[PDB]
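S.K.: Here's a structure for you.
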Amino acid sequence: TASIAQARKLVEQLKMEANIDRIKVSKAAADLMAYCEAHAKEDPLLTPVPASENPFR
Amino acid sequence: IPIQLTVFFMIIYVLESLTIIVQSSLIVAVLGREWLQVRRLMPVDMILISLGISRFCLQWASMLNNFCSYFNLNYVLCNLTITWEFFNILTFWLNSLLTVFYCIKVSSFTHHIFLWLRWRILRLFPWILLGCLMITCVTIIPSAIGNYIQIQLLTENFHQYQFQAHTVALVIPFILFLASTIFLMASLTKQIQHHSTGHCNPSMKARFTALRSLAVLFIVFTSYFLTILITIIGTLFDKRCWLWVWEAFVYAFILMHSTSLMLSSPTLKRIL
Amino acid sequence: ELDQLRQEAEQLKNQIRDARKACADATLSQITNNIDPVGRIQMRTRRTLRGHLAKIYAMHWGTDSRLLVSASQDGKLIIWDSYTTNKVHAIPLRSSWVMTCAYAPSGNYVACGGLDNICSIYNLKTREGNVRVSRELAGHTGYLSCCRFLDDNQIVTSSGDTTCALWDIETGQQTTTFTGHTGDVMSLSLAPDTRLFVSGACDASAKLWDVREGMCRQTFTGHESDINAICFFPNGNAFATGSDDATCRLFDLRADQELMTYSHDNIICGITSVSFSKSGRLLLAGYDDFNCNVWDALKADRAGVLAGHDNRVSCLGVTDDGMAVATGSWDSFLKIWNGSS
Amino acid sequence: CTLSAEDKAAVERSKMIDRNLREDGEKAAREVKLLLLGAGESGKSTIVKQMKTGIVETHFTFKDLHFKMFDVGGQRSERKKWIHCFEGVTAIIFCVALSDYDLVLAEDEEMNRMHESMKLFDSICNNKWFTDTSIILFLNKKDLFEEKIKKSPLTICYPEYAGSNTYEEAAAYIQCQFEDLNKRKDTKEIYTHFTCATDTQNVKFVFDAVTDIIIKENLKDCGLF
Amino acid sequence: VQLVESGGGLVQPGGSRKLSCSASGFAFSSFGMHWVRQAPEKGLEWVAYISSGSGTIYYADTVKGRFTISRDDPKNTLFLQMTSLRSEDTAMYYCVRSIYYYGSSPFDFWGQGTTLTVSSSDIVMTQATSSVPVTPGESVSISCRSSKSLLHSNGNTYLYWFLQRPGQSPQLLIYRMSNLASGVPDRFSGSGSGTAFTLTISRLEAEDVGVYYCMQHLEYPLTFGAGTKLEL
Ligand SMILES: OCc1ccccc1O[C@@H]1O[C@H](CO)[C@@H](O)[C@H](O)[C@H]1O
């Protein structure tokens, strides 16, 4: 029953994976882009920083 | 001596010169790029770049001596025989150091002092280059006083003293190189004679290419040494008449050496 | 009874795939076709923290963005002062083979693990001046790939045992064993929420796992090849995965569909580490091309390269304030990169 | 300057730490690293005994050469992913369970032990990292191969096997078969020496092989290659 | 952890001696070490410092040349040879350990100390009060005044605070005048305006009685303040 057993756990995991209320991709993508631009100004990796303020320079 | 042979051999020598210049300039550019990339390179690569700048100095000295001794245009400061002699001694010492590096790195010596010295040599290798430069300066110092004296006489005896100074100064590094190359060839051959059992597909092949590279290096640089020794003597030859043919001969040797060390540059093959 | 379970399971896979297709009302490419691209982003090697005499695999950043833990095969975990290149500590690992390193948020402890199937937790702040291995916690039957701290008492370790475990440091036993990945996990990025974490398995898939309850909430089927790196988007609602399939896929949790894929035609070589900047607009990832092609999370076009290593970029970390990125490569040279102005 | 007593002593500590690292490298560089690979069916766990779970270290020295062998069979991962840790070794010592041609895998008996070993040597002799990292084959169980060779031929696993079933011939045939996976015969080498339980010359062969490889890399870095 | 020293006792004037400092319970070889001088009823004074491995050896100008300080690392001992003593040196020498990396706490552990009796430019650290009446539960702040600003361009100001329990070795309270030590109650704190500094105490139980001392550490002529004696 080992194959039947592992099938049972896989089926249970999939059944759990069935019962979540997903959200259309547009809304979550808009949330991600809003978060991207919200901290865009305070992100030295993307936007420049003063040379003095740079702790590495 | 015809004019046609003169211009033909001069053209041969200028093509040799431009090939030398472009080869060492390529090594300079690629090595500068590698430095700006990592600034961490194995000792032989910087031996190669130091030898490239040495080739620059020697070749530029040979250009200036050649045109100012054939055309004789403003023979006041173009007699930079001191510069060529000093940098020939420097390149001789660099090549002896190259063979010393070959002898220490390749050989399977496992003596504790030998191993510690080998590492500290790897770490202090730029300072070893600086020490070689200091040896070159100290060795040209007798040559420097000899040329100062021969200028004072201008403005046998001291000429023979300068002869002996230059001779010994550039024969010592050649003796070092010859000893190192002889030992390396002996080690390669003696391990070849019993490495047949331990498989041979690239093992014997790479040992054979190492022996071949050592053979070409020894032939080219040793023959360059005999060439410069003959021109040290000078009297038996005639630098006046057979000038361009001699310069083409010498720097065909230097061309061969530069291209051999270009093909034997691990940075270039890795980068290319 | 295997056949009926397999058939019904296929039925639920078809249903969830139909849901995946239905939720995708508009792809992210359409949304980001109108955004302003950042442009050519160039960062120079501010410091090459040389001194690590062997192959560097893992690096991590302290929570002040000043202390670095770099782990290599010389049996060494070096703690570097990033602003001054000074070596704060030199921990002598017990097993020279290492895959992962971590820095406790409080800075008191460092995690270190590898092919030894153990994770060594070293206590930096001791009354004696040496760093002692506070806890050698073991139990995984398989090599460790990533270690991440939670609260200096629980540590999340991903193992080749097709598992990820939540270890209690004080007790020294695994509280929860997240299981369900078909292949081994080579990636782990704890969420900022410290309640969930994503495992990048070599089953060509990624999975969310909440740390308390224990079961996977979302599974993501992605790359054809195996996933080798992971990071968490700062908002905690998304994550990004890279693989030998040279594709960087950003997923978001509320929409299980692969939100975006960054990959160019000329890219073939695999990915080893993937991280994020603070704004989430960059996905600096270390490829096999001996460089760190950065990708925009949204417009899906390359924005810059961080070449300068002569081998694999093994570990790509980012500062907690988003001030610098570290590119610990197999070149034996940790490198700090900070954008100019 | 702009360096206080605190920072100055910090730099002194950094220098002391770097000195300790280089002193550790003093001992580290003198030891060469070998990876013991091969199917865990047999052969892998006997040459370690002949050299005198977690990653098993094997520190053994021969004539000033300190080898660190790494036994990995306890890693328990079918797909080979930790292999990039060992990229940088100088000898992949592969053990071939040569005598097991009459034996198949206990799980999925339709799969043969020899074919599994061939797939392993094809994956590791042509791996994307183990390109020039030379490989030493020890075709283990040569005594059992000699005993069993007249009883069972190689036709069971080898559809193309032909010739005589004598020990000296069949051993060479299988040796050539295993070396046939060498895509390139110039960057790396597949050394070969059939071993038995009582073979006390294996350490000699591994030392000679690693000596050849070290001389090889020394020649390459010197540019004479 | 223990740092018991030796030597001391009576010395005839113009004589010599050799202090031995025994170190146990910590990695000595990674710990720099200083000496501190305590005159019989005066305040502390810095004597000499040796880094790990004896790379840098610093002395006080009042003792330069006459003294020599060394560390026997394998035996974890600190030796101090006393050449040509004088009336200025009858004191109570203490043996302090210090470590130096980012986030370290120098002058963390102080030894018991040994006293010696002999028969018959730098930053100024001034504690004007030197005597404050206190009652338990009260919050008291002590100000130490520096000749110059103790703040470096690296963002740290290098002021240390120590508590000398009556008849006890000094105990670290705060290092960099902002980082509480290890094993110290949270009531202690410190804050200062670059050149004048205040160590604040929320409550003062009997454990907190003693003499408080302030210390500069930017330049190697380390100078102790006069401190403040605690009166109940
Ligand atoms: O002329 C005097 C001399 C003595 C010993 C060694 C070199 C010398 O001269 C050198 O000879 C070279 C021959 O190719 C020329 O190329 C150099 O320019 C010249 O300086």
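Here, residue 1 is simply the first one shown, and the rest follow in order.
Determination method: electron microscopy, 3.3 Å.
Cβ atoms here come from the backbone N, Cα and C positions, even for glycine.
Grabbed the feature section from Swiss-Prot, which reads as follows:
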REPEAT    C:44-92  repeat 'WD 1'
REPEAT    C:93-138  repeat 'WD 2'
REPEAT    C:139-179  repeat 'WD 3'
REPEAT    C:180-221  repeat 'WD 4'
REPEAT    C:222-265  repeat 'WD 5'
MOD_RES   C:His264  phosphohistidine
REPEAT    C:266-307  repeat 'WD 6'
REPEAT    C:308-338  repeat 'WD 7'
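These came from the PDB entry, pasted as-is:
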SEQADV    C:339-341  expression tag
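In the displayed structure, how are the listed features positioned relative to their neighbours?
M.R.: Under DSSP, residues within the repeat 'WD 1' (C:44-92) fall into helix, strand and coil as 0 helix, 30 strand, 19 coil.
With a threshold of 8 Å between CB atoms, the same-chain residues lying at least 6 positions outside the repeat 'WD 3' (C:139-179) that come near it are 99-106, 108-109, 111-119, 121, 185-190, 194, 197, 199, 201, 209, 211, 214, 216, 230.
A Cβ distance under 8 Å defines the sequence-distant neighbours of the repeat 'WD 5' (C:222-265), meaning residues of its chain 6+ beyond its ends; these are 20, 23-24, 28-29, 146, 183, 186-193, 196-206, 208, 271-276, 278-280, 283, 285-287, 295-298, 300, 302, 316.
Mapped onto three states, the DSSP output places C:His264 (phosphohistidine) in coil.
Same-chain neighbours of the repeat 'WD 6' (C:266-307): 28-29, 31-33, 35, 37-43, 225, 228-235, 238, 240-246, 248, 250, 260, 313-318, 321-322, 325, 327, 329, 337, counting only residues six or more beyond its ends whose CB sits under 8 Å from a CB of the stretch.
Taken through DSSP, the repeat 'WD 7' (C:308-338) splits into 0 helix, 16 strand, 15 coil.
Beyond the ends of the expression tag (C:339-341), by six or more residues, the same chain brings 41-44 to within a C-beta distance below 8 angstroms of the stretch.
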S.K.: Show which residues of the chain containing C:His264 (phosphohistidine), separated from it by at least 6 in sequence, have their CB under 8 Å from its CB.
M.R.: C:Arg302
S.K.: Residue counts in helix (H, G, I), strand (E, B) and coil for the repeat 'WD 2' (C:93-138), per DSSP?
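M.R.: Counting residues by DSSP class gives 0 helix, 22 strand, 24 coil.
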S.K.: With DSSP, how much of the repeat 'WD 4' (C:180-221) is helix, how much strand and how much coil, in residues?
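M.R.: Reading the DSSP string over the repeat 'WD 4' (C:180-221) gives 0 helix, 24 strand, 18 coil.
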